[PDB]
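What follows are structure tokens for two forms of the same protein chain, given separately as structure 1 and structure 2.
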Structure 1
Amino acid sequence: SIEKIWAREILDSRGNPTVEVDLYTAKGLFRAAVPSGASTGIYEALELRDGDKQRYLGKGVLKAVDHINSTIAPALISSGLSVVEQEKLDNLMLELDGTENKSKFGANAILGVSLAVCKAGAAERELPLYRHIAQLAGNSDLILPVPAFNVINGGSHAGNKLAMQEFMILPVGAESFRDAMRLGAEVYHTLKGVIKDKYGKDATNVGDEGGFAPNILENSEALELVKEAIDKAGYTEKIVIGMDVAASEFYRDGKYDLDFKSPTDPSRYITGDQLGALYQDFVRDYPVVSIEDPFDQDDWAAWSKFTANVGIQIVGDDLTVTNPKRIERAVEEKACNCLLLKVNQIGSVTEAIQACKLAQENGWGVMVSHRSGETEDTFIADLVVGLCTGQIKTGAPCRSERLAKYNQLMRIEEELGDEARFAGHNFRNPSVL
């Protein structure tokens, strides 16, 4: 049923090129765009950039766009497949690319088309996108997720010394998704005033994901500021904390650097055991219920040891790269107990859905995620509701590449009406609701 495919370069939320795809059927135009990370795992599917150093500092995506327009488009048009056939269309692309890591076309070329196909397929079925994704995944009973808002940005997403990437608030005690937005926004605005009072107005500019970027160094101080703002806002009993350490970003010679944005000094490196003990303190002193990428993507022993010794959610991101092969190993080694789901780590909607179901079948949580370079696309709002995962991270409640998803989640909750169920304290396993 595909009539025409046309891709172009747009700019993402950091001002870098990315791929957008228009796909036409008899039902109209369906448009999707692809996100892009900065703290990208070494095992992610290849993001194809042009490397023309004069043009966009080598970050153009004209090669991927030309792959879609000149090669992928006719191939899918020639297949005569309906756009409801997500798996057959995705398989066609994966086979035409022919490499393990989508390095011929780029994962960004293939994903852009895969997302546009899924939106077209929804229209073909006369279904909202979240319901079409539920059907693809084999789910019936949809769930609005707890949002995890990154309200202090550090690591590779902000100009400060703060090494850990993300400090998030999860309004598990909210009444609804729309009430979760109010809780998160109120804590965020209260947090601004906490930071301004303590560190001055000049500490309240934001990092790449909209979280404030105060020029602090201690990760316990970020946790302190977040706990203060939750309490000041009146929500101690309703809002808990999650972290994405992104420890691969500061992994240095078998050790870890908590001042990695400062000129090098190997004497400050701590070991993985020292790092884990610091996490145990955070878990004891603050309401931390989830830690993502606490150790490097290859540091398997540290992950399996930490996971065995805590009762909280431990999330694979650069460890697992939304990749069934790496997920199978993490399940076997009990490396973690939740998968961060990033469609662009693996490069297709079908593979991402496969990765989600593999985690869920092994009793893991799944947290759908944005990338730090996002667009105005809102696909992952419909994806998290259709996959019924119960949790999504897609930014602070600041910068509309983040709010576009949160706003779409409010619209979905509205659409579902009395059938809406919010994951609340069952964010790790919302199936019980």
Structure 2
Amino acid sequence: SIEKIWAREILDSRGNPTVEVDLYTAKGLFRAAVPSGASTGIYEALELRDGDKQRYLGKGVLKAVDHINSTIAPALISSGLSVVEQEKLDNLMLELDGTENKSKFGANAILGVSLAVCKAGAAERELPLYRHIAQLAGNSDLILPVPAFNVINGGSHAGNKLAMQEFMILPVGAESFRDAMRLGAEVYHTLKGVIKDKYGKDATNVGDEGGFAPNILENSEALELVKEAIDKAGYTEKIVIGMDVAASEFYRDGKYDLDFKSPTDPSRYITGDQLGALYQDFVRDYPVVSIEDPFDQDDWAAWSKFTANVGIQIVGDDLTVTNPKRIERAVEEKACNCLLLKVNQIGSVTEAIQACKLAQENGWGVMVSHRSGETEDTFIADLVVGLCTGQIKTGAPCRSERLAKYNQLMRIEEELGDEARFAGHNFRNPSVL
């Protein structure tokens, strides 16, 4: 079936090399690219890097590309397996790599081939990508998700003092997904003028994901900024707020440092119970309906203590890193109620669907996610519709590595027609529609 698998090296949205994979069947060419994170969790699968300090400062992927063309490609072509056999083709790759964290061939090399197989399998069944993903996941009631646009930036990769990473907007009161695109964009442009009118003309430049990073320090000031633009645009009750705290980035000696980019002074460190009491204030004072990574990736006691005392959504990112082993622990410990899905964290389409199936079996919500370094690949758009999760965050309505997914989700919605259903206020449990 597979006539040729060919991989190359392309530059992501950050200017860093990443793996692109071309797969040739009888029906044509199928191309897929692998994203790359910035503030990574130490538990995810290995992103294969060259380490050549004189070529892209060590960030090349020539070795992961070589494992594809010289080993994985001839082994999958020799199989005789159709491109529709996603599980069998993914298993055989996990067999050849052998390692637990996919350290032999790299997760970006395995996922790149796995992503192109799934696209080729969709054509062989004469199905769109999202419908083929749904048949793989055992679903049939596709739903368009609620987009979460990261519009205010803080954390390890923002030149400000704001400690928390992402302040997002979720147009839950939209009529359709295309209607949600307009609400998120108009509030994004409205926020651009407010930031320019309070922090200067030189404070509107965007970060890796397209959001603004003004020089603020209090996290409640960021929420007030978001709510200020939400009301100013006239969507006070149709758009709520989500948060990616990424609290692992300032986990100092068992406490939390909401000013970790300042000179290290351990007097300002707060406890997990103090940090939770701050989240509770964010929930009562602001329309915060989702909080991602509220504590450290290993502070399971704080996760379970907080989730049991809140009614909003708790999203595990670095806590679960799309890993079925760590998801089961969070399910048993009730550490969170939502799973952030990043296919490159686990390294294969089959495992990513298995991680999503595991969470949904336990009443969890699932949010398909991007990485800081994205490409022009639009796979996760068809993934979030095929898995029927109800929520996806893949950047602000800015930079086309973010909008190629948003545009595709508008092509998917228009294609579904009357069959399409928008999650809306049911972004947590879309199956009740």
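Between two forms, the rigid core is the largest collection of C-alphas that superpose within 1.5 Å. Structure 1's sequence is the ruler for residue numbers, which start at 1.
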Following rigid core superposition, Cα shift of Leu223 between structures 1 and 2 in Å: 0.5
Rigid-core-superposed Cα shift at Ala277 between structures 1 and 2, Å: 1.2
Shift in Å of the C-alpha at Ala158 between structures 1 and 2 after core superposition: 2.2
